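File shown here: work_39.txt, holding compact mmCIF, C-alpha atoms.
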```txt
# COMPACT_ATOMS: atom_id res chain seq x y z
CA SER B 1 -33.37 36.25 64.07
CA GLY B 2 -37.15 35.55 64.74
CA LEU B 3 -40.45 37.26 65.42
CA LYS B 4 -39.21 39.03 68.52
CA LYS B 5 -38.19 42.32 66.88
CA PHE B 6 -41.61 42.89 65.59
CA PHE B 7 -43.03 43.17 69.14
CA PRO B 8 -41.11 45.67 71.24
CA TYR B 9 -43.95 46.14 73.68
CA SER B 10 -45.73 42.79 73.80
CA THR B 11 -44.67 39.33 75.03
CA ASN B 12 -47.79 37.30 74.39
CA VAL B 13 -50.48 37.86 71.91
CA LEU B 14 -54.06 36.80 71.98
CA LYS B 15 -55.47 33.56 70.78
CA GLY B 16 -59.17 34.16 71.05
CA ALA B 17 -61.41 35.02 73.81
CA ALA B 18 -58.99 35.85 76.47
CA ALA B 19 -55.85 33.81 76.32
CA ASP B 20 -52.27 34.57 75.29
CA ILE B 21 -49.51 32.84 73.45
CA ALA B 22 -45.82 32.87 73.05
CA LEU B 23 -43.93 33.71 69.83
CA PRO B 24 -41.88 30.49 69.92
CA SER B 25 -45.22 28.72 69.34
CA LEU B 26 -45.09 30.04 65.74
CA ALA B 27 -41.80 28.36 65.05
CA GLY B 28 -41.58 27.02 61.52
CA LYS B 29 -44.57 28.80 60.16
CA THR B 30 -45.30 31.75 57.95
CA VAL B 31 -47.15 34.42 59.94
CA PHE B 32 -49.33 37.01 58.32
CA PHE B 33 -49.84 40.30 60.02
CA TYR B 34 -53.27 41.47 59.12
CA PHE B 35 -53.84 45.20 59.43
CA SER B 36 -57.59 45.72 59.69
CA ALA B 37 -60.37 47.45 61.60
CA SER B 38 -64.08 46.98 61.86
CA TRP B 39 -64.81 50.57 60.87
CA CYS B 40 -63.36 50.01 57.41
CA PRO B 41 -65.71 48.59 54.76
CA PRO B 42 -63.28 46.60 52.71
CA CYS B 43 -61.88 45.14 55.92
CA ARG B 44 -65.41 43.87 56.79
CA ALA B 45 -65.62 42.30 53.39
CA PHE B 46 -62.11 40.87 53.20
CA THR B 47 -62.00 39.35 56.68
CA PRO B 48 -64.49 36.61 55.72
CA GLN B 49 -62.41 35.92 52.53
CA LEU B 50 -59.30 35.56 54.58
CA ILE B 51 -61.11 33.39 57.13
CA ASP B 52 -62.23 31.16 54.26
CA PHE B 53 -58.59 30.93 53.08
CA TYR B 54 -57.31 30.31 56.52
CA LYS B 55 -59.74 27.48 57.11
CA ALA B 56 -58.78 25.91 53.74
CA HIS B 57 -55.07 26.18 54.17
CA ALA B 58 -53.66 27.30 57.47
CA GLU B 59 -52.89 23.85 58.63
CA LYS B 60 -51.64 22.37 55.26
CA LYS B 61 -49.73 25.52 54.29
CA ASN B 62 -48.47 25.87 57.86
CA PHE B 63 -49.27 29.53 58.57
CA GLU B 64 -50.91 31.71 61.22
CA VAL B 65 -52.65 35.14 60.99
CA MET B 66 -52.22 37.94 63.53
CA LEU B 67 -54.67 40.74 63.71
CA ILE B 68 -52.93 44.15 63.97
CA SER B 69 -55.79 46.39 64.72
CA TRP B 70 -56.60 49.85 63.66
CA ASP B 71 -59.95 49.81 65.58
CA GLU B 72 -61.01 52.96 67.54
CA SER B 73 -61.77 51.30 70.84
CA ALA B 74 -61.29 48.32 73.10
CA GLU B 75 -64.96 47.29 72.44
CA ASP B 76 -64.80 47.59 68.64
CA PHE B 77 -61.57 45.47 68.83
CA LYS B 78 -63.29 42.86 70.87
CA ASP B 79 -66.36 42.50 68.76
CA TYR B 80 -64.24 42.27 65.57
CA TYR B 81 -61.57 40.07 66.82
CA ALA B 82 -64.37 37.80 68.24
CA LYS B 83 -65.28 36.67 64.74
CA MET B 84 -61.78 35.65 63.75
CA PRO B 85 -60.15 32.35 64.35
CA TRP B 86 -56.47 33.39 64.58
CA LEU B 87 -54.27 35.61 66.70
CA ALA B 88 -54.19 39.21 67.62
CA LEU B 89 -51.80 41.76 68.95
CA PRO B 90 -53.52 42.90 72.07
CA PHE B 91 -55.46 45.97 71.59
CA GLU B 92 -53.73 47.72 74.56
CA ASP B 93 -50.47 47.57 72.70
CA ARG B 94 -51.27 50.59 70.57
CA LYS B 95 -47.67 51.59 70.23
CA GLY B 96 -46.87 48.12 68.97
CA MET B 97 -49.55 48.49 66.35
CA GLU B 98 -47.89 51.78 65.31
CA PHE B 99 -44.46 50.19 65.07
CA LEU B 100 -45.62 47.58 62.64
CA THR B 101 -47.88 49.97 60.80
CA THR B 102 -44.92 52.32 60.11
CA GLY B 103 -42.50 49.43 59.78
CA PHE B 104 -44.32 47.98 56.82
CA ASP B 105 -45.47 51.42 55.60
CA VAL B 106 -49.14 50.38 55.67
CA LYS B 107 -51.03 53.23 54.56
CA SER B 108 -54.55 51.81 54.15
CA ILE B 109 -56.32 48.66 55.26
CA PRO B 110 -56.95 45.97 54.84
CA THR B 111 -53.25 44.94 54.36
CA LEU B 112 -51.82 41.49 54.95
CA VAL B 113 -48.09 40.98 55.29
CA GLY B 114 -46.36 37.68 55.20
CA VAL B 115 -43.20 37.01 57.36
CA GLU B 116 -41.14 33.89 58.00
CA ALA B 117 -41.31 33.20 61.73
CA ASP B 118 -37.92 31.54 62.17
CA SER B 119 -35.75 34.02 60.18
CA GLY B 120 -37.95 37.01 60.77
CA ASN B 121 -37.70 37.90 57.09
CA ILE B 122 -40.49 39.54 55.09
CA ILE B 123 -42.19 37.65 52.26
CA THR B 124 -44.61 40.23 50.84
CA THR B 125 -46.93 43.15 51.75
CA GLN B 126 -49.42 42.19 49.08
CA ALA B 127 -50.97 39.01 50.35
CA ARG B 128 -54.36 40.76 50.48
CA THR B 129 -54.65 40.48 46.70
CA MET B 130 -53.21 37.09 46.62
CA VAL B 131 -55.69 35.49 49.06
CA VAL B 132 -58.38 36.50 46.49
CA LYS B 133 -56.43 35.86 43.35
CA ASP B 134 -54.90 32.48 44.34
CA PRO B 135 -57.63 31.00 46.66
CA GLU B 136 -56.14 27.60 46.14
CA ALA B 137 -52.76 28.85 47.44
CA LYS B 138 -50.87 27.47 44.52
CA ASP B 139 -48.22 30.27 44.71
CA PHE B 140 -48.45 30.76 48.53
CA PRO B 141 -46.77 32.47 50.41
CA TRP B 142 -46.25 34.75 47.34
CA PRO B 143 -42.68 36.02 47.72
CA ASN B 144 -43.21 39.56 46.75
CA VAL B 145 -40.86 39.57 43.93
```
Written form, structure tokens:
Amino acid sequence: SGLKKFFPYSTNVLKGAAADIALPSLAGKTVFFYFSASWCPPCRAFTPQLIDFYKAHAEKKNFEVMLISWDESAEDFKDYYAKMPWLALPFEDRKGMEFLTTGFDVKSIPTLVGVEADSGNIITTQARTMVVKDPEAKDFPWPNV
């Protein structure tokens, strides 16, 4: 399978400032979709915790993080994504955001969902607590069950 079926309306995703990447580039990794917005307090407090985790272990643990934004505007998205070091579904792809939001039944943010890029399978919807609870990534990527 793969990551393709998560993105019905996007081909490339952002990798910072203004570039865009292909899904095959995530081959062999775990990919976290990170549902977040700058208007949400706990999101503003968790983002820095997840950046800390990503710096400590993204390379060793072989994973990538993709921002799936619930921000209210193109400008909010930019300012918030600006601070993050990983990927993002492009803000224009609002319907894409809705497809994963309903797909994983995310009802509140922040939420971080772990998926295997090569099979496309889901690891867990509860990585938000795990980044905090297992900062040393001893049980990463925390198969849900």
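For residue 94 (chain B), the non-local neighbours within 10 Å, defined as residues at least 3 positions apart in the same chain or in other chains and counting all atoms listed in the file, are residues 9, 68, 69, 70, 89, 90, 91, 97, 98 and 99 of chain B.
Closest approach to residue 44 (chain B) among B:103, B:144, B:133, B:83 is made by B:83 (distances from only C-alpha atoms).
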Contacts of residue 120 (chain B) at 9 Å or less, counting only C-alpha atoms, minus same-chain residues fewer than 4 places along, as a PyMOL selection string?
-> chain B and resi 1-6+115-116
Contacts of residue 107 (chain B) within 12 Å, all atoms listed in the file, excl. fewer than 4 positions in-chain, as a PyMOL selection string = chain B and resi 35-36+70+98+100-103+111-112+125
Residue 63 (chain B) environment, 6 Å, all atoms listed in the file, sequence neighbours closer than 6 positions dropped, as a list in words = residues 29, 30 and 31 of chain B
Mind checking which residues fall within 7 Å of residue 88 (chain B), counting all atoms listed in the file, ignoring those fewer than 4 positions away in the same chain, and posting them as a ChimeraX atom specification?
-> /B:13-15,66-68
Find the residue from B:81, B:46, B:86, B:33 that sits nearest to residue 21 (chain B); use all atoms listed in the file when measuring.
-> B:86
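Ranking B:123, B:84, B:74, B:106 by their shortest atom-to-atom distance to residue 50 (chain B), with only C-alpha atoms included, puts B:84 first.
Among the candidate residues B:108, B:136, B:32, B:22, the one lying nearest to residue 121 (chain B) is B:32, with distances computed using only C-alpha atoms.
Between CA of residue 57 (chain B) and CA of residue 134 (chain B) the interatomic distance comes to 11.7 Å.
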Which one is closest to residue 104 (chain B): B:45, B:87, B:138, B:34? Count all atoms listed in the file.
-> B:34
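Ranking B:8, B:96, B:141, B:42 by their shortest atom-to-atom distance to residue 110 (chain B), with all atoms listed in the file included, puts B:42 first.
One distance worth recording is that between CA of residue 80 (chain B) and CA of residue 118 (chain B), which is 28.6 Å.
Of note, CA of residue 24 (chain B) and CA of residue 129 (chain B) are spaced 28.3 Å apart.
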With 5 Å on each side, where is the centre of the axis-aligned box around all listed atoms of region 69-83 of chain B, and how long are its edges in Å to one decimal, as lines of an AutoDock Vina configuration file?
```
center_x = -61.1
center_y = 44.8
center_z = 68.4
size_x = 20.6
size_y = 26.3
size_z = 19.4
```
Can you rebuild region 103-138 of chain B with N, CA and C atoms and give it as an mmCIF file, keeping the file's coordinate frame?
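result.cif written:
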```
data_model
loop_
_atom_site.group_PDB
_atom_site.id
_atom_site.type_symbol
_atom_site.label_atom_id
_atom_site.label_comp_id
_atom_site.auth_asym_id
_atom_site.auth_seq_id
_atom_site.Cartn_x
_atom_site.Cartn_y
_atom_site.Cartn_z
ATOM 1 N N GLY B 103 -43.507 50.361 60.175
ATOM 2 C CA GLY B 103 -42.500 49.430 59.780
ATOM 3 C C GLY B 103 -42.730 48.921 58.412
ATOM 4 N N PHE B 104 -44.042 48.512 58.138
ATOM 5 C CA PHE B 104 -44.320 47.980 56.820
ATOM 6 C C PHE B 104 -44.883 49.018 55.855
ATOM 7 N N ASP B 105 -44.959 50.280 56.299
ATOM 8 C CA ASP B 105 -45.470 51.420 55.600
ATOM 9 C C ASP B 105 -46.920 51.157 55.167
ATOM 10 N N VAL B 106 -47.729 50.652 56.118
ATOM 11 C CA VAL B 106 -49.140 50.380 55.670
ATOM 12 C C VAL B 106 -49.818 51.650 55.773
ATOM 13 N N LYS B 107 -50.342 51.948 54.644
ATOM 14 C CA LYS B 107 -51.030 53.230 54.560
ATOM 15 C C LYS B 107 -52.545 53.072 54.510
ATOM 16 N N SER B 108 -53.035 51.867 54.194
ATOM 17 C CA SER B 108 -54.550 51.810 54.150
ATOM 18 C C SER B 108 -54.756 50.336 54.525
ATOM 19 N N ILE B 109 -56.044 50.075 54.826
ATOM 20 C CA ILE B 109 -56.320 48.660 55.260
ATOM 21 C C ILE B 109 -57.494 48.325 54.398
ATOM 22 N N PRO B 110 -57.745 46.979 54.251
ATOM 23 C CA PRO B 110 -56.950 45.970 54.840
ATOM 24 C C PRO B 110 -55.482 45.816 54.125
ATOM 25 N N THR B 111 -54.563 45.367 54.911
ATOM 26 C CA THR B 111 -53.250 44.940 54.360
ATOM 27 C C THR B 111 -52.819 43.685 55.043
ATOM 28 N N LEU B 112 -52.237 42.774 54.330
ATOM 29 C CA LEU B 112 -51.820 41.490 54.950
ATOM 30 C C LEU B 112 -50.351 41.279 54.475
ATOM 31 N N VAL B 113 -49.527 41.113 55.438
ATOM 32 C CA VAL B 113 -48.090 40.980 55.290
ATOM 33 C C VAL B 113 -47.575 39.679 55.745
ATOM 34 N N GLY B 114 -46.876 39.007 54.856
ATOM 35 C CA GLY B 114 -46.360 37.680 55.200
ATOM 36 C C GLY B 114 -44.903 37.683 55.668
ATOM 37 N N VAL B 115 -44.608 37.007 56.795
ATOM 38 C CA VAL B 115 -43.200 37.010 57.360
ATOM 39 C C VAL B 115 -42.869 35.594 57.683
ATOM 40 N N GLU B 116 -41.588 35.214 57.628
ATOM 41 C CA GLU B 116 -41.140 33.890 58.000
ATOM 42 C C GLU B 116 -40.923 33.995 59.515
ATOM 43 N N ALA B 117 -41.590 33.038 60.314
ATOM 44 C CA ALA B 117 -41.310 33.200 61.730
ATOM 45 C C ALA B 117 -39.908 32.941 62.224
ATOM 46 N N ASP B 118 -39.231 31.950 61.693
ATOM 47 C CA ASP B 118 -37.920 31.540 62.170
ATOM 48 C C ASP B 118 -36.883 32.581 61.763
ATOM 49 N N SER B 119 -36.849 33.071 60.530
ATOM 50 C CA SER B 119 -35.750 34.020 60.180
ATOM 51 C C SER B 119 -36.247 35.397 60.512
ATOM 52 N N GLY B 120 -37.614 35.641 60.515
ATOM 53 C CA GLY B 120 -37.950 37.010 60.770
ATOM 54 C C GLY B 120 -37.997 37.827 59.493
ATOM 55 N N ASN B 121 -37.597 37.215 58.364
ATOM 56 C CA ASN B 121 -37.700 37.900 57.090
ATOM 57 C C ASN B 121 -39.113 38.127 56.536
ATOM 58 N N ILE B 122 -39.207 39.134 55.684
ATOM 59 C CA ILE B 122 -40.490 39.540 55.090
ATOM 60 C C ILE B 122 -40.625 38.820 53.772
ATOM 61 N N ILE B 123 -41.832 38.299 53.523
ATOM 62 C CA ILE B 123 -42.190 37.650 52.260
ATOM 63 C C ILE B 123 -42.856 38.621 51.360
ATOM 64 N N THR B 124 -43.890 39.371 51.687
ATOM 65 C CA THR B 124 -44.610 40.230 50.840
ATOM 66 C C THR B 124 -45.628 41.047 51.641
ATOM 67 N N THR B 125 -45.930 42.216 51.215
ATOM 68 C CA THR B 125 -46.930 43.150 51.750
ATOM 69 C C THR B 125 -48.176 43.021 50.941
ATOM 70 N N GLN B 126 -48.253 42.146 49.973
ATOM 71 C CA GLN B 126 -49.420 42.190 49.080
ATOM 72 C C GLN B 126 -50.244 40.895 49.057
ATOM 73 N N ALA B 127 -50.230 40.286 50.274
ATOM 74 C CA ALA B 127 -50.970 39.010 50.350
ATOM 75 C C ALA B 127 -52.459 39.289 50.296
ATOM 76 N N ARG B 128 -52.937 40.457 50.673
ATOM 77 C CA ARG B 128 -54.360 40.760 50.480
ATOM 78 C C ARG B 128 -54.872 40.436 49.091
ATOM 79 N N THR B 129 -54.110 40.830 48.025
ATOM 80 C CA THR B 129 -54.650 40.480 46.700
ATOM 81 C C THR B 129 -54.481 39.050 46.390
ATOM 82 N N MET B 130 -53.429 38.478 46.913
ATOM 83 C CA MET B 130 -53.210 37.090 46.620
ATOM 84 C C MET B 130 -54.228 36.072 47.262
ATOM 85 N N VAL B 131 -54.661 36.437 48.475
ATOM 86 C CA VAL B 131 -55.690 35.490 49.060
ATOM 87 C C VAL B 131 -56.871 35.358 48.090
ATOM 88 N N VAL B 132 -57.258 36.402 47.391
ATOM 89 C CA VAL B 132 -58.380 36.500 46.490
ATOM 90 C C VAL B 132 -58.074 35.898 45.156
ATOM 91 N N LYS B 133 -56.907 36.358 44.642
ATOM 92 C CA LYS B 133 -56.430 35.860 43.350
ATOM 93 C C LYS B 133 -55.916 34.445 43.263
ATOM 94 N N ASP B 134 -55.422 33.839 44.332
ATOM 95 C CA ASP B 134 -54.900 32.480 44.340
ATOM 96 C C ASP B 134 -55.511 31.751 45.568
ATOM 97 N N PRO B 135 -56.844 31.575 45.544
ATOM 98 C CA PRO B 135 -57.630 31.000 46.660
ATOM 99 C C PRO B 135 -57.236 29.598 46.980
ATOM 100 N N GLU B 136 -56.627 28.951 45.955
ATOM 101 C CA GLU B 136 -56.140 27.600 46.140
ATOM 102 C C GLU B 136 -54.672 27.602 46.578
ATOM 103 N N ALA B 137 -54.072 28.802 46.793
ATOM 104 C CA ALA B 137 -52.760 28.850 47.440
ATOM 105 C C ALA B 137 -51.628 28.117 46.711
ATOM 106 N N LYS B 138 -51.807 28.150 45.433
ATOM 107 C CA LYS B 138 -50.870 27.470 44.520
ATOM 108 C C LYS B 138 -49.512 28.190 44.580
#
```
